[PDB]
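Below: the structure, in structure tokens.
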Amino acid sequence: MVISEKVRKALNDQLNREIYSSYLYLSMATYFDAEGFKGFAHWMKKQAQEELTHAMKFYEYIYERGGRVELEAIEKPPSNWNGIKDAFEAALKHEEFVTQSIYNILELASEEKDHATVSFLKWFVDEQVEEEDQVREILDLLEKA
Amino acid sequence: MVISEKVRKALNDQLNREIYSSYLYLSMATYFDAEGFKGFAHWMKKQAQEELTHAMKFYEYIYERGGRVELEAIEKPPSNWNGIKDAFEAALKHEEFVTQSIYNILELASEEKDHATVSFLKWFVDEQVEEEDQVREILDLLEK
Ligand SMILES: [Fe+3]
Ligand SMILES: [Fe+3]
Ligand SMILES: [Mg+2]
Ligand SMILES: [Mg+2]
Ligand SMILES: [Mg+2]
Ligand SMILES: [Mg+2]
Ligand SMILES: [Mg+2]
Ligand SMILES: [Mg+2]
Numbered sequence: 002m003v004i005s006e007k008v009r010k011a012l013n014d015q016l017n018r019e020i021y022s023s024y025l026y027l028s029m030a031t032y033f034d035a036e037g038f039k040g041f042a043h044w045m046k047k048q049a050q051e052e053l054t055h056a057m058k059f060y061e062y063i064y065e066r067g068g069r070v071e072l073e074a075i076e077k078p079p080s081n082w083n084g085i086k087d088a089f090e091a092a093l094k095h096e097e098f099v100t101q102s103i104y105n106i107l108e109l110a111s112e113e114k115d116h117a118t119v120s121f122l123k124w125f126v127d128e129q130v131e132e133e134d135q136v137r138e139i140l141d142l143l144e145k146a
Numbered sequence: 002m003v004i005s006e007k008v009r010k011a012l013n014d015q016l017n018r019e020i021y022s023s024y025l026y027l028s029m030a031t032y033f034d035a036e037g038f039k040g041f042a043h044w045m046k047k048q049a050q051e052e053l054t055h056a057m058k059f060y061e062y063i064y065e066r067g068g069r070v071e072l073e074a075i076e077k078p079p080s081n082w083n084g085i086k087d088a089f090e091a092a093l094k095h096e097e098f099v100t101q102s103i104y105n106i107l108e109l110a111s112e113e114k115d116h117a118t119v120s121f122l123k124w125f126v127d128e129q130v131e132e133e134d135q136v137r138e139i140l141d142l143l144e145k
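In structure tokens, the structure reads:
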């Protein structure tokens, strides 16, 4: 393995966080569909699939560095929200937690002088920041102020 | 809702079982990849994606009948096997469990005289049976 175990575990943790992200967006879709919001459910379904490509990017990086992936149990997500804005605000809050979690790994890899992982994570935060901004675009679009 | 609650819950149980199927196959891929078995990992990754379309078919049927889907926690799958055959035999046994679970929902829908759900499950079980036979084909290919 050409990464430290500490970094491997953090990346594996993050991969599992991307999986939970995908499941949370699917659960938001079950809520939107239960309320009849077909189009917003479809947005959530495509976002759930986008989250799986995030998990597979971490998957591929870990094996490239000689690590292995270990899948953990997935927590039951919430199944109800109080309207569209309420669901998308919960997603914004979740993606901000995800963005900070990735910045934490990048700090760790930087302290270890793990240049390859620093490069990987620097590239990925740019995609995470735009996925967060996609959530903000919806909230701004519905801002019925 | 034009299905009974016990039927909706059985279909919802099955949906979550398909999710766990997808996760198990991804876990087998993490094992195959750690062993360097790249082509078999790719098989498992495709199969995991196939399992998500199974989940979404139960998803679509539940809402069509006026029900709702509730996602449950997914249990941690095993992460290690003792070789290729060992992993695929585990997959076969899981798919045989899945096949019997679908047959049990069929018996329940048929005693309720839920003709729409009986039709749905007869259609789907044919797909489940070919996915089972896909696993058997790999085991037969690797035999002895
Ligand atoms: Fe993500
Ligand atoms: Fe299946
Ligand atoms: Mg998006
Ligand atoms: Mg240096
Ligand atoms: Mg197959
Ligand atoms: Mg065995
Ligand atoms: Mg009748
Ligand atoms: Mg098919």
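Line by line, the protein sequences are chains H and A.
Numbering follows the deposited numbering, in which position 51 of the first sequence is assigned residue number 52; successive positions increment by one, without gaps.
Numbering follows the deposited numbering, in which position 107 of the second sequence is assigned residue number 108; successive positions increment by one, without gaps.
Where is the CB? At the ideal position from N, CA and C, for every residue including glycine.
Among the residues of chain A, none has a CB under 8 angstroms from the CB of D14(H); the nearest is roughly 14 angstroms distant. Remark: C-beta atoms of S28(H) and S111(H) do not approach each other more closely than 8 angstroms. Within the region 23 to 40 of chain H, the residues whose Cβ lies closer than 7 angstroms to any Cβ of chain A are, in chain order, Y24, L27, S28, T31, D34 and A35.
For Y64(H), the chain A residues whose C-beta falls within less than 7 angstroms of its own C-beta are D34, listed in chain order. At a cut-off of 8 angstroms between C-beta atoms, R9(H) does not count as an interface residue with respect to chain A. Closest option to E128(H), judged by alpha-carbon separation, among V70(H), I4(H), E52(H) and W44(H): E52(H). In terms of side-chain proximity, the C-beta atom of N83(A) is found nearer than 7 angstroms to a non-hydrogen atom of ligand 6. 8 angstroms or more divides the Cβ of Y21(H) from the Cβ of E97(H). In the DSSP assignment, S22(A) falls within the unbroken alpha helix (DSSP H) covering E6 to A35. For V70(H), the chain A residues whose Cβ falls inside 7 angstroms of its Cβ are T31, in order along the chain.
Beta-bridge analysis with DSSP links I75(H) to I75(A).
Rounded to whole angstroms, the separation of the alpha carbons of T31(H) and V130(H) is 25 angstroms. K47(A) has a beta carbon lying at 8 angstroms or more from every beta carbon in chain H.
Of all residues, those with a beta-carbon under 7 angstroms from at least one heavy atom of ligand 8 are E51(A), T54(A) and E128(A), reported in chain order.
Exposed is the label assigned to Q101(H), since fewer than 16 other Cβ atoms lie within 10 Å of its Cβ.
In this structure, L140(H) sits away from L109(H), with a CB-CB distance that is not shorter than 8 angstroms. Sequence-distant Cβ neighbours of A49(A) in its own chain, meaning closer than 6 angstroms and more than five residues away, are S23, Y26 and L27. Chain H has no Cβ within less than 8 angstroms of the Cβ of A117(A). Flagged as an interface residue toward chain H: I75(A), by a C-beta distance shorter than 8 angstroms. Rounded to the nearest whole angstrom, the C-alpha separation of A35(A) and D115(H) is 22 angstroms.
Listed in chain order, the positions of the region 73 to 106 of chain H with a beta carbon within less than 7 angstroms of a beta carbon of chain A are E73, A74, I75, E76, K77, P78 and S80.
Taken from the Cβ of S22(A), at least one heavy atom of ligand 2 lies inside 7 angstroms.
Spanning the alpha carbons of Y104(H) and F89(H) requires a straight line of approximately 22 angstroms. Residue side-chain check: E132(H) places its Cβ nearer than 7 angstroms to a non-hydrogen atom of ligand 1. The beta carbon of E19(A) sits closer than 7 angstroms to at least one heavy atom of ligand 2.
Residue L12(H) holds the alpha-carbon nearest to the alpha-carbon of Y62(H) among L12(H), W82(H) and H43(H).
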